[PDB]
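Below is one structure, written out as structure tokens, with a few remarks after it.
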There are 4 protein chains.
Amino acid sequence: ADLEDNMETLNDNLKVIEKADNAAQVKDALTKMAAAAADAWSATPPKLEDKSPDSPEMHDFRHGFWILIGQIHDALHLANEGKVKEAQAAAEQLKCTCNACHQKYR
Amino acid sequence: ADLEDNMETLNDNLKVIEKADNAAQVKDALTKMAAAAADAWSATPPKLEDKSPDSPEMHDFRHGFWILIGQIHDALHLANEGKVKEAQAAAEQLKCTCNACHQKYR
Amino acid sequence: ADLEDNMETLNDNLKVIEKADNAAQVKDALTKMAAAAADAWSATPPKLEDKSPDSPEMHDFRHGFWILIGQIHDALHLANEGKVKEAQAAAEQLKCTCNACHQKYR
Amino acid sequence: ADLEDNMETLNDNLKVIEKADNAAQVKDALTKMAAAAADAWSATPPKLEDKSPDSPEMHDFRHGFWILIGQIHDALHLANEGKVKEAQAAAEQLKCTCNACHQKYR
Ligand code: HEM
Ligand code: HEM
Ligand code: HEM
Ligand code: HEM
Ligand SMILES: [Zn+2]
Ligand SMILES: [Zn+2]
Ligand SMILES: [Zn+2]
Ligand SMILES: [Zn+2]
């Protein structure tokens, strides 16, 4: 799917996690984010259209996705332990990742 | 793309790393292994076509990829450092993960 | 060393990284932080001196370190690859982890 | 403690996880392995006693613990979710890391 469509999915489900009542909303949303993150790996963003697939920017770009996927991984385990509040705090920190890539390649 | 196709991309690049001689060979193979692993994230194995996307059977199926992806990510950093023996050793330990999933959902 | 000292090491070397000019400096700081983080593991924060060592608070407190240590590990790889700015970007993110713990336990 | 002792603790609890009946044991066991690995961090093993704490051999030696610690981290989450058998799978899984370091530096 479109990088944009994958971003929108990340964004929708993120908010869903921040306004979640139960651990199940958090689990469902996180699983969805991990899929989006995954399908977004192979994508090349506008600001790097001219760049080489092997350039540092592109390698750094995809690296942000590995970091994200990793932080969603952890988030899920917490939500799985029923520790909702912290699962939400963990989602907040991966936001530190959303911003970073954005400020650099969006 | 397809699961087999991705598993083949996966299976073929593991042997290339095995027969690896230098760092460029290891990187490019791992770089390709990561795209495949990432692309086979949403696939539904055969032995679970009946289970819900949100069922606990899928979560655990998908968990294995998080693991493989994390291991390939780090292995790449090693190959990026010119640490061929190290990188190859890391790859070897991916099997510890490949086999785990296989002896369960293959 | 005690918590305070391992913490001053974390802080000082974090600052070194933010003001670094080359990969050499960052690698050196990250290495010291890896040690300080590893050494701080088993300490009991004062605001938890009354809690049992296996209480949820202490398990959560240690979880903060797993994350921290993991981020210092990845940050270093980036420094070892001569990616100074990316490392500094990773240093900044592991900062979300210093603050997270502190808001909750200091 | 010294390396020997940290290693017994790691060995004693690994087995405890292997023959565990309930999850409580596993959690408790992993937690102790976690502390033993962190403590082993600043250790200089016999075979590398002629190398400095800034050498490639020592960084490779230590990276071995970053790997072990991350695998205990995931093992403990699974044990926290009640997933006991998977926890043992993951535990038997990190043994891959135990050997790999012994085969090279023991
Ligand atoms: C959980 C984290 C993230 C969230 C919630 C998120 C959300 C968004 C949103 C709302 C947009 C605006 C465009 C749209 O979707 O309509 C966007 C765009 C974008 N994101 Fe993210 N994003 C995230 C992570 C990332 C990461 C980690 C990277 C890179 C490593 C990244 C790279 C981009 C790029 C380059 C665009 C622009 C795409 C275009 O203009 O076609 N994003 N994201
Ligand atoms: C890098 C390690 C891995 C390698 C080298 C690998 C390799 C392969 C190969 C060559 C096959 C044989 C059948 C075929 O190719 O058509 C296969 C099948 C399969 N692998 Fe893996 N695999 C790995 C990791 C994993 C992981 C992590 C999972 C689980 C999360 C997994 C799930 C599967 C499944 C479900 C099949 C059967 C596909 C089907 O029947 O359509 N594999 N793998
Ligand atoms: C790179 C990240 C970190 C930095 C830069 C940092 C820095 C500091 C500094 C400068 C202090 C004050 C030292 C003092 O007590 O005199 C401190 C205190 C403390 N930090 Fe951190 N810290 C970090 C991560 C952590 C983490 C992740 C945890 C918990 C998991 C933690 C827990 C604490 C606690 C509880 C104190 C109080 C120490 C005491 O009362 O003796 N720190 N930290
Ligand atoms: C679950 C993981 C591990 C287990 C069960 C384990 C177990 C052991 C045991 C039983 C010994 C026997 C010698 C003695 O106790 O005096 C030992 C020694 C040792 N281990 Fe491990 N170990 C583990 C992981 C590691 C890792 C990850 C490294 C390196 C990164 C490592 C490095 C060593 C070294 C260097 C020795 C030799 C110490 C000496 O000769 O004084 N081990 N370990
Ligand atoms: Zn965790
Ligand atoms: Zn590594
Ligand atoms: Zn990385
Ligand atoms: Zn996990």
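Each chain of the structure tokens is named A, B, ... in the order shown, its residues numbered from 1; ligands are numbered from 1 in display order.
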Report as a tab-separated table: every residue of stretch 34-99 of chain B with an atom at most 8 Å from stretch 20-39 of chain A, its closest pair of atoms, and their distance in Å to one decimal, counting only C-alpha atoms, with rows sorted by chain and ascending residue number.
residue	atom	partner	partner_atom	distance
B:38	CA	A:38	CA	5.3
B:39	CA	A:39	CA	6.5
B:41	CA	A:38	CA	6.7
B:42	CA	A:35	CA	6.3
B:54	CA	A:28	CA	7.0
Restricting it to C-alpha atoms, dump the selection as a short mmCIF file (atom, residue, chain, number, x, y, z; two decimals), in the first residue's frame.
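Output file out-v1.cif is given in full below:
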data_model
loop_
_atom_site.label_atom_id
_atom_site.label_comp_id
_atom_site.auth_asym_id
_atom_site.auth_seq_id
_atom_site.Cartn_x
_atom_site.Cartn_y
_atom_site.Cartn_z
CA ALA B 38 9.33 -7.63 6.29
CA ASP B 39 7.26 -8.55 3.24
CA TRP B 41 4.92 -10.20 7.91
CA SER B 42 1.20 -10.15 7.11
CA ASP B 54 -6.32 -11.34 15.97
#
When you look at residue C:64 with a cut-off of 9 Å (counting only C-alpha atoms), what residues show up, excluding the ones that are within fewer than 2 positions of it in the same chain? I need them as number ranges by chain. C: 59-62, 66-69, 97-98, 100-101
Quick check, in Å to one decimal: how far apart do atom CA of residue A:12 and atom CA of residue D:78 lie? 27.7 Å
Please, which residues have at least one atom within 8 Å of an atom of ligand 5, using only C-alpha atoms and all ligand atoms, listed as a PDB file with N, CA and C atoms, in the first residue's frame?
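Result saved to out-v8.pdb:
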ATOM      1  N   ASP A  74       7.668  -4.322  21.828  1.00  0.00           N
ATOM      2  CA  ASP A  74       7.632  -4.195  23.277  1.00  0.00           C
ATOM      3  C   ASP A  74       6.273  -3.742  23.782  1.00  0.00           C
ATOM      4  N   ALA A  75       5.719  -2.737  23.121  1.00  0.00           N
ATOM      5  CA  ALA A  75       4.423  -2.222  23.496  1.00  0.00           C
ATOM      6  C   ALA A  75       3.425  -3.365  23.631  1.00  0.00           C
ATOM      7  N   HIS A  77       3.814  -6.655  24.201  1.00  0.00           N
ATOM      8  CA  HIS A  77       4.015  -7.487  25.392  1.00  0.00           C
ATOM      9  C   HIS A  77       3.394  -6.835  26.626  1.00  0.00           C
ATOM     10  N   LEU A  78       3.642  -5.539  26.825  1.00  0.00           N
ATOM     11  CA  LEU A  78       3.056  -4.850  27.972  1.00  0.00           C
ATOM     12  C   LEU A  78       1.526  -4.936  27.900  1.00  0.00           C
TER      13      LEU A  78
ATOM     14  N   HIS C  63      12.820  -2.811  34.059  1.00  0.00           N
ATOM     15  CA  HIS C  63      12.450  -2.858  32.652  1.00  0.00           C
ATOM     16  C   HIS C  63      12.932  -1.582  31.970  1.00  0.00           C
ATOM     17  N   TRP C  66      16.333  -2.348  30.722  1.00  0.00           N
ATOM     18  CA  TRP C  66      16.423  -3.221  29.545  1.00  0.00           C
ATOM     19  C   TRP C  66      16.349  -2.355  28.301  1.00  0.00           C
ATOM     20  N   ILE C  67      15.340  -1.493  28.251  1.00  0.00           N
ATOM     21  CA  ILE C  67      15.155  -0.586  27.130  1.00  0.00           C
ATOM     22  C   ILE C  67      16.377   0.311  26.933  1.00  0.00           C
TER      23      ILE C  67
ATOM     24  N   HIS D  73      15.043 -10.577  28.313  1.00  0.00           N
ATOM     25  CA  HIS D  73      14.011  -9.558  28.346  1.00  0.00           C
ATOM     26  C   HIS D  73      12.733 -10.085  27.684  1.00  0.00           C
ATOM     27  N   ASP D  74      12.872 -10.656  26.494  1.00  0.00           N
ATOM     28  CA  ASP D  74      11.705 -11.183  25.782  1.00  0.00           C
ATOM     29  C   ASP D  74      11.167 -12.414  26.500  1.00  0.00           C
ATOM     30  N   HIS D  77       8.871 -11.477  29.324  1.00  0.00           N
ATOM     31  CA  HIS D  77       7.536 -10.969  28.923  1.00  0.00           C
ATOM     32  C   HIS D  77       6.610 -12.158  28.691  1.00  0.00           C
TER      33      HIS D  77
END
Test item, helix (DSSP H, G or I) assignment across chain A, answer as a count of residues only: 83
For the interface of chain C with chain A (cut-off 8 Å, counting only C-alpha atoms), please tabulate each contacting residue of chain C alongside its nearest pair of atoms and their separation in Å to one decimal, rows sorted by chain and increasing number, as CSV.
residue,atom,partner,partner_atom,distance
C:86,CA,A:60,CA,7.8
C:89,CA,A:100,CA,7.8
C:93,CA,A:96,CA,6.6
C:96,CA,A:93,CA,6.6
C:97,CA,A:93,CA,8.0
Restricting the calculation to only C-alpha atoms, which member of C:76, C:65, C:88, C:58 is positioned closest to residue C:7? C:65
